[PDB]
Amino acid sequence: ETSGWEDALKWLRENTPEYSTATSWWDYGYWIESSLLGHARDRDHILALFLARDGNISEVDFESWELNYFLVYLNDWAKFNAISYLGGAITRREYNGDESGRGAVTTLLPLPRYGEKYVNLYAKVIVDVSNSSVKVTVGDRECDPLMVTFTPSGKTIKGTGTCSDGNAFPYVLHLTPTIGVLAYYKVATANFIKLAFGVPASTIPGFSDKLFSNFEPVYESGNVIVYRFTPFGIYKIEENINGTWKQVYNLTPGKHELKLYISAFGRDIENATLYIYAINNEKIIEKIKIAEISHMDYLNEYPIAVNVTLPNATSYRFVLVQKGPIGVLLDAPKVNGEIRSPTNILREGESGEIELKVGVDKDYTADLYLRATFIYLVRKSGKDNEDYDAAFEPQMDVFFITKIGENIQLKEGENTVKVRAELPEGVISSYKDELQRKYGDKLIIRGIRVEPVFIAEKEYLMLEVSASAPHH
């Protein structure tokens, strides 16, 4: 009955921090554990933006949510038209047809291997490759994909993107040793495909290499894969070997002339410090400060040259440190004694004493702000929101309003924090006007949150490499 979910959730319980936060599309994790074994709606839009898109626009600030693990569920391909629609990748027409039931499209279709062919019986789709040029049958029709691609073989073949019926066949076929996937052009390089079916396809060079430094697969079950997430990662390490830069995968002790290629996902690096932690047996034996980055654009990274001397150890951890959000509320916060929603802790122009129970996996000294999060849609096509040509681009804008907590000392475990706070008169309605002004009738606000966020210097694991020997 389970598709690997119970095994995956089990793994999380046993191999991750107590206050570590996991996520999944449509929140299956919570549902499986709560309802079956004893997000919200605004975030669904942002999760879809990520999963259904590719390139710059798919780079979502998951860090604001303090996300640690992401669980993709292969079976979600079945709900991809919805995800695509919610993520702004397709129009209402392509999502489920128009007034006369026409236009719907099948965004994703998995084609498991059938001895030399790829077939999806339910869909009456057959992919005959052995004939060398690739043959695709869909129903009675014979169709030629816009492009077919193979991995690892990285080969690729252009195609007419049409069917024997002559009609348009705007689909891309990605083939892999164990499975194939047919994908509508608007989502042919969607991140979900990369994460779930292992097709590194992206129309932006380097994006895929970077994405995987940000989402590391730490565990896999049936049709479930859990990814460790880090807004900051290293996707490539070059070492100077004869004036020539070369890509390495491990490091030996000693001096090194290195080039680090960092991937920043969703947010900028701001006043950060890079380090190399010498590890001997899941035990840190030395923390080597190696750099300082005052600023790196999350959409325009640049490599960083680095000269380091490393001890022996068994592994090395590249860690980055900068102000980020921390803490997990352990109960509903209270304002003046009364229980209030943690997502809307204070109304505009309201004040009161706030009490919060916060949990952390280590000791932290942090600031406490009230932060606003606006998740909203902007119609990118069509005459009005009811037009079937409409597609809606989800957007997330977050900003801190005011600091209500100074130099708070949080200790590993539960912590109680009472503090007086005031939400300035006009802040929320002001910004809502700023939006209405920029997008007019195209605007559709889906969520406004006012939350108590604890900010502090936190460590981000970018990459861990094993120590190797120069000769073997």
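Counting begins at 1, following the sequence as shown.
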* Interval residue 38-residue 39, deposited residues with no coordinates in the entry (none, 1 to 3, 4 to 9, 10 or more) -> 4 to 9
* If you average the Cα B factors in the entry, which is higher, 115-123 or 129-137? -> 129-137
* Name the higher of the two by mean Cα B-factor in the PDB entry, 16-24 versus 446-454. => 16-24
* Structure fact -> Max C-alpha B-factor within the set 59, 422, 44, 63 falls on 422
* Asked: From 202, 385, 244, 91, can you pick the one with the highest C-alpha B factor in the entry?
  -> 244
* What third of its chain, lowest, middle or highest, does the C-alpha temperature factor of residue 411 fall into? -> highest
* For residue 161, return the chain-relative third of its C-alpha B-factor as stated in the PDB record: lowest, middle or highest. => middle
* Asked: When the modelled residues of the chain are sorted by Cα temperature factor, does residue 427 land in the lowest, middle or highest third?
  -> highest
* Third assignment of residue 68 from its chain's C-alpha B-factors -> lowest
* **Lowest, middle or highest third - CA B-factor, residue 210** => lowest
